[PDB]
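S.K.: Next up is a structure, given as structure tokens.
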Protein chains: 2
Amino acid sequence: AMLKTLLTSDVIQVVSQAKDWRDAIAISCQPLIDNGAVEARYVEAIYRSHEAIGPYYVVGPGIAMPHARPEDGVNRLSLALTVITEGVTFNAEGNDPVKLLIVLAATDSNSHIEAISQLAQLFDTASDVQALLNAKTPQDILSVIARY
Amino acid sequence: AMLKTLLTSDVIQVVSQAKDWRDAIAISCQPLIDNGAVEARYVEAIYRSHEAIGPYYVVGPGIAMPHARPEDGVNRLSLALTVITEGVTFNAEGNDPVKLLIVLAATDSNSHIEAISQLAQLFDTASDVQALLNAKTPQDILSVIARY
């Protein structure tokens with residue numbers, strides 16, 4: 001019942017255009033820095049991994065799950081969700097452009113596993129992914145997430 | 001069928017004891033070092049995370065899921081399963097003693113999510129968790145895994 005609880009309006013973004021992948025990630029993480037769920041260094045860990053290792057957190061066509069380790073500055077279980085209606089390139093091969101970002105932050109494996117289990121179901125539900133990839137407002141998103 | 005495919009005879013172990021948590025981690029990861037799925041340093045990465053923030057990868061009473069990042073030495077999606085029949089202290093508060101270790105290694109988030117989604121189902125099946133905690137031989141483990 002987790003996604004519905006975690007993904008409230010305050011951590012849901014719809015923006016038309018991101019400057020680039022870094023802006024897309026920042027947009028998504030700023031509410032979690034602001035509410036104390038993650039330290040600012042968490043986003044930095046994400047950027048540094050992207051730059052050094054590559055966009056392996058892009059999980060399928062149009063969908064990214066930016067995240068880093070519990071030790072990289074997570075304070076509590078938290079998610080954020082952004083839709084970039086124009087799409088943004090992550091140089092993730094055929095998965096570009098990315099239009100949906102769901103940031104994950106967990107402090108431990110029990111909570112990680114539960115959150116991932118739910119996200120796996122969401123990402124495997126094409127009509128819900130379609131509704132999110134095509135979302136224009138936070139309500140579009142909240143309506144999907146209401147079923148989780 | 002991921003679990004039944006990946007968790008074959010060559011990557012499952014029952015031992016009576018380990019020296020301490022570090023040695024339990026070592027035993028549990030060794031098959032994946034041996035077969036090249038991970039680098040030896042993947043074990044050192046797990047130790048350093050535990051040193052930084054504690055046993056975050058202990059999932060619940062009796063159960064650990066040691067892992068680290070792709071960049072910490074993963075070559076190919078892999079699992080290994082160890083039962084340490086006398087248990088081991090991970091300094092995991094009420095979750096100790098740990099008896100079941102499932103090591104996870106993934107190179108990207110698509111495969112990580114798939115593996116976690118399957119492990120979540122195992123961990124959410126109390127009858128199968130108990131069967132693994134009770135396991136005395138490799139045949140006992142395969143009989144559980146045969147349902148995945």
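Naming works like this for the structure tokens: A, B, ... for the chains as they're shown, residue 1 at the start of each chain, ligands 1 onward in shown order.
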DSSP on the backbone, then: every residue of chain A marked strand (DSSP E), written as a VMD selection string.

M.R.: chain A and resid 12 to 15 58 to 60 63 to 64 78 to 88 98 to 105

S.K.: Taking only C-alpha atoms into account, report as a list in words which residues of chain A lie within 9 Å of chain B.

M.R.: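 Per the criterion, chain A yields residues 49, 53, 55, 56, 57, 58, 59, 60, 65, 68, 69, 70, 71, 107, 108, 109, 110, 111, 112, 113, 114, 116, 117, 118, 119, 120 and 121 of chain A.
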
S.K.: Could you please take those selected residues and save N, CA, C and O atoms as a short mmCIF file (atom, residue, chain, number, x, y, z; two decimals), in the first residue's frame?

M.R.:
```cif
data_model
loop_
_atom_site.label_atom_id
_atom_site.label_comp_id
_atom_site.auth_asym_id
_atom_site.auth_seq_id
_atom_site.Cartn_x
_atom_site.Cartn_y
_atom_site.Cartn_z
N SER A 49 27.88 8.58 -10.08
CA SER A 49 27.73 7.24 -10.67
C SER A 49 27.32 7.35 -12.13
O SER A 49 27.87 6.64 -12.96
N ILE A 53 30.05 5.62 -14.31
CA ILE A 53 29.62 4.27 -14.58
C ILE A 53 28.64 4.23 -15.76
O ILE A 53 28.67 3.32 -16.57
N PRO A 55 24.32 5.25 -17.26
CA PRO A 55 22.89 5.32 -16.85
C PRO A 55 22.29 3.94 -16.64
O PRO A 55 21.25 3.61 -17.23
N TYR A 56 22.89 3.09 -15.82
CA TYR A 56 22.38 1.74 -15.63
C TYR A 56 21.08 1.67 -14.86
O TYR A 56 20.45 0.61 -14.78
N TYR A 57 20.70 2.77 -14.26
CA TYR A 57 19.45 2.95 -13.51
C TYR A 57 18.25 3.29 -14.42
O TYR A 57 17.14 3.46 -13.94
N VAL A 58 18.48 3.42 -15.72
CA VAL A 58 17.39 3.50 -16.70
C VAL A 58 16.92 2.07 -16.91
O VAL A 58 17.68 1.20 -17.33
N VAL A 59 15.66 1.80 -16.57
CA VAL A 59 15.20 0.42 -16.45
C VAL A 59 14.34 -0.09 -17.57
O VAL A 59 13.97 -1.25 -17.58
N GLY A 60 13.97 0.77 -18.48
CA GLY A 60 13.18 0.32 -19.62
C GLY A 60 12.79 1.51 -20.43
O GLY A 60 13.19 2.64 -20.12
N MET A 65 15.03 5.03 -12.79
CA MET A 65 14.89 4.89 -11.35
C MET A 65 16.17 5.37 -10.67
O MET A 65 16.97 4.55 -10.22
N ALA A 68 20.82 5.72 -5.11
CA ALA A 68 22.16 5.39 -4.69
C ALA A 68 22.03 4.56 -3.40
O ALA A 68 20.95 4.05 -3.09
N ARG A 69 23.12 4.37 -2.68
CA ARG A 69 23.12 3.45 -1.56
C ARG A 69 22.51 4.07 -0.33
O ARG A 69 22.52 5.30 -0.15
N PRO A 70 22.03 3.24 0.61
CA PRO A 70 21.64 3.74 1.95
C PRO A 70 22.75 4.60 2.57
O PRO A 70 22.42 5.61 3.16
N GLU A 71 24.02 4.26 2.42
CA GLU A 71 25.09 5.01 3.02
C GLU A 71 25.41 6.32 2.30
O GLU A 71 26.24 7.08 2.79
N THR A 107 16.83 3.07 3.48
CA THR A 107 17.88 2.93 4.47
C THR A 107 18.31 1.49 4.68
O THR A 107 19.33 1.27 5.32
N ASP A 108 17.55 0.51 4.25
CA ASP A 108 17.83 -0.87 4.55
C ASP A 108 17.21 -1.77 3.49
O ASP A 108 16.48 -1.33 2.63
N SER A 109 17.48 -3.06 3.57
CA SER A 109 17.02 -3.96 2.54
C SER A 109 15.56 -4.35 2.69
O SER A 109 14.91 -4.53 1.68
N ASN A 110 15.00 -4.42 3.90
CA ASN A 110 13.60 -4.80 3.99
C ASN A 110 12.74 -3.77 3.21
O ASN A 110 11.86 -4.13 2.42
N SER A 111 12.98 -2.49 3.45
CA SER A 111 12.22 -1.45 2.83
C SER A 111 12.54 -1.32 1.36
O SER A 111 11.64 -1.08 0.55
N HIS A 112 13.81 -1.50 0.99
CA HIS A 112 14.17 -1.53 -0.41
C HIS A 112 13.40 -2.59 -1.18
O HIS A 112 12.83 -2.33 -2.24
N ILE A 113 13.41 -3.81 -0.65
CA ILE A 113 12.77 -4.93 -1.31
C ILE A 113 11.27 -4.68 -1.49
O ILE A 113 10.70 -4.91 -2.54
N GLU A 114 10.64 -4.13 -0.44
CA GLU A 114 9.19 -3.87 -0.54
C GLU A 114 8.92 -2.81 -1.60
O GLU A 114 7.99 -2.96 -2.41
N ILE A 116 10.81 -1.83 -4.19
CA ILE A 116 11.11 -2.39 -5.50
C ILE A 116 10.05 -3.34 -5.98
O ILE A 116 9.70 -3.32 -7.15
N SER A 117 9.56 -4.21 -5.09
CA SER A 117 8.52 -5.16 -5.47
C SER A 117 7.29 -4.43 -6.05
O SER A 117 6.73 -4.84 -7.06
N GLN A 118 6.91 -3.32 -5.44
CA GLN A 118 5.78 -2.51 -5.92
C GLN A 118 6.09 -1.78 -7.21
O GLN A 118 5.28 -1.74 -8.15
N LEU A 119 7.28 -1.21 -7.28
CA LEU A 119 7.70 -0.53 -8.50
C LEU A 119 7.78 -1.53 -9.68
O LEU A 119 7.43 -1.16 -10.81
N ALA A 120 8.22 -2.75 -9.45
CA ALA A 120 8.29 -3.75 -10.50
C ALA A 120 6.92 -3.98 -11.08
O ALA A 120 6.73 -4.13 -12.29
N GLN A 121 5.93 -4.04 -10.22
CA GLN A 121 4.55 -4.23 -10.68
C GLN A 121 4.09 -3.03 -11.48
O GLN A 121 3.48 -3.19 -12.52
#
```

S.K.: Pick out the residues sitting within 10 Å of residue B:15, and hand them over as a count of residues only; count only C-alpha atoms, and ignore anything fewer than 2 positions along from it in its own chain.

M.R.: 15

S.K.: What separation in Å, quoted to one decimal, exists between atom CA of residue A:141 and atom CA of residue A:12?

M.R.: 7.7 Å

S.K.: One decimal, in Å: what's the spacing between atom CA of residue B:47 and atom CA of residue B:19?

M.R.: 14.5 Å

S.K.: Which residue is closest to residue A:103? Choose from A:133, A:74, A:16, A:29 and count only C-alpha atoms.

M.R.: A:29

S.K.: Could you tell me which of A:96, A:140, A:39, A:20 comes closest to residue A:75 if we count only C-alpha atoms?

M.R.: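 Going through A:96, A:140, A:39, A:20 one by one, the smallest distance to residue A:75 is for A:39.
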
S.K.: From a DSSP calculation on the backbone, collect every residue of stretch 4-144 of chain A in alpha helix (DSSP H) and output the set as a ChimeraX atom specification.

M.R.: /A:4-6,21-34,40-53,109-123,126-133,138-144

S.K.: I'd like the interatomic distance between atom CA of residue A:73 and atom CA of residue A:44, to a tenth of an Å.

M.R.: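 Atom CA of residue A:44 lies 9.7 Å from atom CA of residue A:73.
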